[PDB]
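Scroll down for the structure; my scribbles are underneath it.
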Amino acid sequence: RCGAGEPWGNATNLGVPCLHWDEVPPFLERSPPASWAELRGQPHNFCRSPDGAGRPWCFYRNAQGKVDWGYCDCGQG
């Protein structure tokens, strides 16, 4: 019990901040499950999920310099 597909906003609930969708570098460190062009949150940052598993996700940037995507659910591992 924590939140089934809980979009914690501009940070993954596990505790890692989401980067802006238009600020996603061409050299991405993690590969997304599909094209995310239609997440349509380009100007801003925020957990996005049209389909997949009814579970929002964002691309997060960590303080180690990496930019990968993560599920906004509740520590998805």
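By the numbers in Swiss-Prot, the shown part of chain A spans 84-160.
Structure method, as recorded: solution NMR.
Using the three backbone atoms N, Cα and C, a Cβ is placed for every residue, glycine included.
Quick look at what Swiss-Prot annotates:
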| type | residues | note |
| --- | --- | --- |
| DISULFID | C85-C157 | disulfide bond |
| DISULFID | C101-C141 | disulfide bond |
| DISULFID | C130-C155 | disulfide bond |
| CARBOHYD | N93 | N-linked glycosylation site |
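Structural mapping of features recorded in Swiss-Prot.
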residue	record	contacts (Cβ under 8 Å, 6+ apart)
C85	disulfide bond	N96, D156, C157, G158
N93	N-linked glycosylation site	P100, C101, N128, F129, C141
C130	disulfide bond	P90, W91, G92, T95, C101, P139, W140, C141, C155
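With all protein chains in the displayed structure included, the most crowded Cβ environment within 10 Å among the disulfide-bonded residues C141, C155, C157 is that of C141. Under the three-state DSSP scheme, the residue listed as 'N-linked glycosylation site' falls in the coil class.
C85 (disulfide bond) falls within neither a helix nor a strand when secondary structure is assigned with DSSP, and so counts as coil.
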